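# Structure assessment
Listed below are the residues making up each chain.
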Number of protein chains: 2
Amino acid sequence: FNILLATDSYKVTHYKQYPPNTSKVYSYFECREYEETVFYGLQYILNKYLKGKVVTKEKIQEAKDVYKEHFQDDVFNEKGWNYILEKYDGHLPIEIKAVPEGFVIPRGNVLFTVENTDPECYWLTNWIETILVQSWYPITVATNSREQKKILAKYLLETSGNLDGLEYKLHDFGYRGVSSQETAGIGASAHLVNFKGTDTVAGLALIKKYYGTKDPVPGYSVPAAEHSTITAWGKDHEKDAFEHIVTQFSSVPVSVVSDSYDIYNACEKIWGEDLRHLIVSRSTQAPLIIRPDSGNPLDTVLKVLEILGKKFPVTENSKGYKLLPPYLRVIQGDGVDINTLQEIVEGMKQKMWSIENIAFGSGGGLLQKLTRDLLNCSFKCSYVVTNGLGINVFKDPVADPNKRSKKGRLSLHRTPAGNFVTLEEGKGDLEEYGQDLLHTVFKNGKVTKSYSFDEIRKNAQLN
Amino acid sequence: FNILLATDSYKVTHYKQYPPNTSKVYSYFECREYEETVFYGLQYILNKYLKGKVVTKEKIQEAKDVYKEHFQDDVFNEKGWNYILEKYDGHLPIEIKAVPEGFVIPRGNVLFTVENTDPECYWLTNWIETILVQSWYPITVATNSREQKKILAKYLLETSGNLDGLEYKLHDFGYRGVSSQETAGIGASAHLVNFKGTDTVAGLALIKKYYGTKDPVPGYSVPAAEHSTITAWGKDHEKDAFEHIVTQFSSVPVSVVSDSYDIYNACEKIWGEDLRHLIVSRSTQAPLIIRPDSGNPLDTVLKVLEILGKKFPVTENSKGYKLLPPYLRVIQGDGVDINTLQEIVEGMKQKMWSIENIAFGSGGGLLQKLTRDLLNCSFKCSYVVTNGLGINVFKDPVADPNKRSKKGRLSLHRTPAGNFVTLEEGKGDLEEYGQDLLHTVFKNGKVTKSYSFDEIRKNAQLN
Ligand SMILES: CCNc1nc(-c2ccc(NC(=O)NCc3ccc(N)nc3)c(F)c2)ccc1C(=O)NCCN1CCCCC1
Ligand SMILES: CCNc1nc(-c2ccc(NC(=O)NCc3ccc(N)nc3)c(F)c2)ccc1C(=O)NCCN1CCCCC1
């Protein structure tokens, strides 16, 4: 990895565009204007890409050679990068302040700030904007995942009277559905801030190395079938496949995809009749989890439950909602996103089915179908010092008032009512709103403050 | 990187689910049912993750330790992995056949197949589905980018009479809008299959290391401003910032963001009057490229062109369309996706503006706002050998006919009319449709056939 080649191309030419005699460039990151966001992911970036000796004589030469052809011109700041190598032994003379990870903050507030600690490196601040802005991703995955948990908690509480098993109702099925291996790990780790279920193995290793947990692992899975393990037996032998699988995993929970040919026939005749004896004998610690995987998500779930309710003994919990026996559950993992999840639990409640009967799996909807525009994640310069005089800078496009950026030195505070407020123009300097909530997390090539994955989860809890 | 920890969790348990006495598992990839797709990206995966010695005693132990806790049970196939380590020195006993990279194939055709070469490793075929399926991303980026080139080619030819500069009309602005550094490199390289302009530097190194070009680099850029380099001068000094920037880059093309405060005032008064003398003097090889970055994309472009056409000498080309002077152009790089791009060129044409005047920049829309569902990318088992007998495998969900998979051994052929057809059930064996277009690209831990980035671009050319 070469940090000199890890920025938007045009940033290579910025050192020749700022006003002469500029000694400081101060910038901040915010989610402009999903009313609250979970701040998570910065720590990973600081350790993997920004800390330690990130500049070498060879990295400078390589960058120079690429840029010469890329621009068909010599515009690369070789002297500037050589200064960092010689003066700081390749360590970045930058200071980053940020809100603690796992913190849930309302939109339009400063989440972190970046600035240079050496006047010679005034151009460095925005050089690293590209790398830091990518924090939008783990922030968005964690936020959207937490919003789904809110919906699940509401309906589970209404239909059951408690939140037992909540942290297991949204399972990560997105490994193959993301853009890369690195994204898989970052995204899966962000989802684990809210839940404990994942099949995206890559997330475990990331958490262990960059955050850490008291427990051996932060996420869990159970044995389960895929279409290949069912269909390989032959069209006419779906029953033999089911029987063999549940027998191989008879003492632990097992998820079995049942829509290979006819989900309704499988539920009613196969599980419901032919193999019913191997199901009602299962332990409460090892239920069979039926998994449909096609058709209209809501219609399929409701019909599946109606069928099962007629083949198995259902009870009525204390809230008046129907409950399948303890050795039988369902997981809907097709076409699930924040919107369809809401429709399903609502539809279930209307038909008097408890949310305890179901769990949801989500792939593309959880880890891939998200953009930097969802939460309006933005990085902008708000303050500079030129000729020894600091000025508050900002943008304010006429055609879009929402793109208006904040001015001057920023700080985050608690309001008298216990809410959040971002003070601009160095006003935090006045002690009218108490202490600044941001903490220095990076300074001159070193990580100065960190959080365990356990603290992050605590910070991200629901009210 | 540990391949044993690079799969969907449940696949760790599949070796106990296949029918007993199974010696072969054969699977394929396709974009079910954007009528044609560009096949690209597999080579990167084969070299980075699948080739050479991918198994060690340490990797086996590491995987075992993680899985024991992840599943809270011992279900890991230690024996299976140890067999590969001792017998093939950690090399994968697998064979992958694929259509040449860059090839343009219609939907619903086999793109690549996977199978085990050793009977003991029948479970390996689908273990690596997760890694291989991620090819959906570079395939999708390349396909979506090519479809945008088609729109541009159509309108440019209509308004200008030719396609000069077409390969520079869609620029990659997505570096910060993607989910990770790795994705950035993959996505940027996929766009470069169709165009020559990028600011996502990461793509260059990926191409050079895994594919290669005759030229030094495959992508180019020009110096340009960002809001920070304009706003840092102070609200009242936007003109000073502009003057300084175009003067620092007086002999090469230069892109200048002009919507900091008022894009329309900037075009008409600043560029149009105050600094008009530094513009009209510019060389045809170094034009000023004005860049709006806010407001309704179509309304903004049209209004900017109307303003410029009144402050600078416009000519009427041989097609009757309006053309700005050679030292002046425009780039719309906000809110650009496949849909808005089409609305812009159509709006420009109705107003009699030539497409020569403009280029487009795209970030999230080009590299992030895409899913595995866009082209219905799917990997499925179509053939197995059990008890020495081969059988055709497939799924056919009752609620979704579109989810039906192909059966048996597959092969891709040219039709008599020069189109494409995928033969099922080993019917390719009969020599009725000529030669199979799929080639062995990987076998037993070695890449057997590779393509240069130059061949790939050639294969992906527009008709
Ligand atoms: C409603 C089900 N409940 C739960 N389901 C799961 C659960 C269900 C399914 C899968 N996997 C799966 O479907 N794999 C397919 C797949 C995999 C990858 C991919 N890419 N695509 C598809 C899984 F990993 C976990 C876990 C916990 C609970 C839960 O409630 N635990 C708390 C219960 N607790 C206290 C009471 C006594 C028992 C212990
Ligand atoms: C209509 C414009 N035409 C062209 N524009 C560009 C072009 C325009 C703008 C930018 N960069 C930019 O806006 N950067 C901002 C930015 C950066 C990152 C980020 N994340 N966000 C925003 C760029 F890199 C390239 C290139 C070639 C042509 C073209 O036509 N060349 C071939 C014709 N040419 C041949 C040689 C003789 C003269 C005629």
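Residues numbered from 1 in each chain as written, not as in the entry; some residues may be left out. Chains lettered and ligands numbered in written order. Heavy atoms only, no water.

### A look at the overall build of chain A
- In terms of regular secondary structure, chain A is built from 16 helices and 18 strands.
- The C-alpha extent of chain A, read off along each of the three principal axes, is 85 × 55 × 45 Å.
- With an accessible surface of roughly 17100 Å², chain A has 46% of that area assigned to carbon and sulfur atoms.
- Of the side chains in chain A, 55 bear a positive and 58 a negative charge, and the two mean positions are spaced by 3 Å. (Helix = DSSP H or I, 4+ residues; strand = E, 2+ residues; numbered from the N terminus. Areas by Shrake-Rupley, 256 points an atom, 1.4 Å probe, with all protein chains shown as cover. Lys, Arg positive; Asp, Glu negative; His and termini not counted. Charge placed at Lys NZ, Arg CZ, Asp CG, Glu CD.)

### Quick word on the interface of chain B and chain A
- Contact residues are listed per partner, giving 101 residues for chain B and 100 residues for chain A.
- Summed over the shared surface of chain B and chain A, the result is eight salt bridges.
- Put simply, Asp334(A) and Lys403(B) hold a salt bridge, and the shortest N to O gap is 2.9 Å.
- At the boundary of chain B and chain A, one finds 63 residue pairs in polar contact.
- Its residues assigned to classes, the side of chain B that touches chain A shows 46 nonpolar, 31 polar and 24 charged. (Contact = heavy atoms within 4.5 Å. Salt bridge = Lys/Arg side-chain N within 4 Å of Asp/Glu carboxyl O. Polar contact = N/O pair within 3.5 Å; in protein donor to acceptor, adjacent residues only side chain to side chain. Nonpolar A, V, L, I, M, F, W, Y, C, P; charged D, E, K, R; others polar.)

### Side note on the site of ligand 2
- Lining the immediate environment of ligand 2, one finds 18 residues, of which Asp8(A), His171(B), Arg176(B), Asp199(B) and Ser255(B) sit closest.
- Per-site note: the chains with residues close to ligand 2 are chains A and B.
- In this structure, a nitrogen atom belonging to ligand 2 sits 3.3 Å away from a side-chain N or O atom of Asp8(A).
- For ligand 2, a nitrogen atom lies 3.5 Å from a polar atom in the backbone of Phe173(B).
- In isolation ligand 2 offers 830 Å² of accessible surface; the protein chains occlude 77% of this area. (Near = heavy atom within 4 Å.)

### What about the site of ligand 1?
- Close to ligand 1 lie 18 residues; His171(A), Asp199(A), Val222(A), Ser255(A) and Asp8(B) are nearest.
- Neighbouring residues of ligand 1 are not confined to a single chain but are spread across chains A and B.
- In this structure, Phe173(A) approaches ligand 1 through a main-chain N or O atom, which is 3.4 Å from a nitrogen atom.
- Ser255(A) places a polar side-chain atom, nitrogen or oxygen, 2.9 Å from an oxygen atom of ligand 1.
- For ligand 1, the protein covers 77% of the area, taking 830 Å² as the surface of the free molecule.
- For the shell around ligand 1, the secondary-structure elements that each account for two or more residues are β8 (288-291), β11 (328-332) and β12 (358-362) of chain A.

### Describing the UniProt feature "binding site: diphosphate" in chain A
- The sites that UniProt annotates as "binding site: diphosphate" are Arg176(A), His227(A) and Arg291(A).
- Secondary-structure assignment places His227(A) in helix α9 (residues 227-231).
- With a relative accessible area of 8%, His227(A) lands in the buried category.
- Discounting chain neighbours no more than four positions away, the residues touching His227(A) are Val257(A), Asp259(A), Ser260(A), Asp293(A), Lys380(B) and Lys395(B).
- Considering the arrangement of structural elements, one finds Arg291(A) in strand β8.
- Classification of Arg291(A) as buried rests on a relative accessible area of 10%.
- Excluding anything up to four places from it in sequence, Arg291(A) contacts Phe173(A), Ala225(A), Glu226(A), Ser255(A), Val256(A), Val257(A), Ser258(A), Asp259(A), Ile331(A) and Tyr10(B).
- At 3.1 Å, the side chain of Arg291(A) forms a polar contact with the backbone oxygen of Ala225(A). (UniProt positions renumbered as here; feature names shortened; annotations may be inferred. Buried < 20%, exposed > 50% of the residue type's maximum accessible area, 1.4 Å probe, protein only.)

### Considering the sheet that holds strand β7 (residues 254-257) of chain A
Residue and element names in this part refer to chain A.
- Overall, parallel pairing links the five strands, which are arranged β6-β12-β11-β8-β7 in an open sheet. Whereas interior strands pair on both sides, the edge strands pair on one side only; in this sheet they are β6 (170-172) and β7. For this sheet, the mean inter-axis angle between neighbouring strands, taken without regard to orientation, is 30°.
- Bridge count between β11 and β12: three bridges; the pairing is parallel. (Pairing = 2+ DSSP bridges. Axes fitted to C-alpha atoms, helices over the stretch in contact; angles between N-to-C directions.)

### Some details on helix α3 (residues 78-88) of chain A
Residue and element names in this part refer to chain A.
- Where α3 is concerned, the buried positions are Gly-80, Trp-81, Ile-84 and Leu-85. Relative to the axis of α3, the buried residues are bounded by an arc of 140° and lie together on one face. Exposed side of α3, more than 90 degrees from the buried face: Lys-79, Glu-86 and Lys-87 are the residues found there.
- Residues of α3 that are buried sit in contact with α2 (57-70) and α4 (124-127).
- At the N-terminal boundary of α3, the capping side chain belongs to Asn-77, with an oxygen 3.0 Å from the backbone nitrogen of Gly-80.
- Once α3 finishes, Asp-89 follows within two positions and takes phi at roughly 55°, a positive value. (Arc of directions from axis to C-beta.)

### With respect to the side chain of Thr7(A)
- Within the secondary structure, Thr7(A) is located in the segment before β1 (22-31).
- Given a relative accessible area of 0%, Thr7(A) falls into the buried group.
- Within polar-contact distance, the side chain of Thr7(A) engages the backbone oxygen of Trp127(A) at 2.9 Å.
- In contact with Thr7(A), not counting residues within four places along its chain, are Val12(A), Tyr67(A), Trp127(A), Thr130(A), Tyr175(B), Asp199(B) and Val201(B).

### A few points about the sheet that holds strand β6 (residues 170-172) of chain B
Residue and element names in this part refer to chain B.
- Pairing is parallel in the open sheet, where five strands are placed in the order β6-β12-β11-β8-β7. Only two strands of the sheet have a single partner each, and these edge strands are β6 and β7 (254-257). When strand polarity is set aside, the average angle formed by the axes of neighbouring strands in this sheet is 30°.
- Both β6 and strand β12 (residues 358-362) contribute to a ladder of three bridges, which runs parallel.

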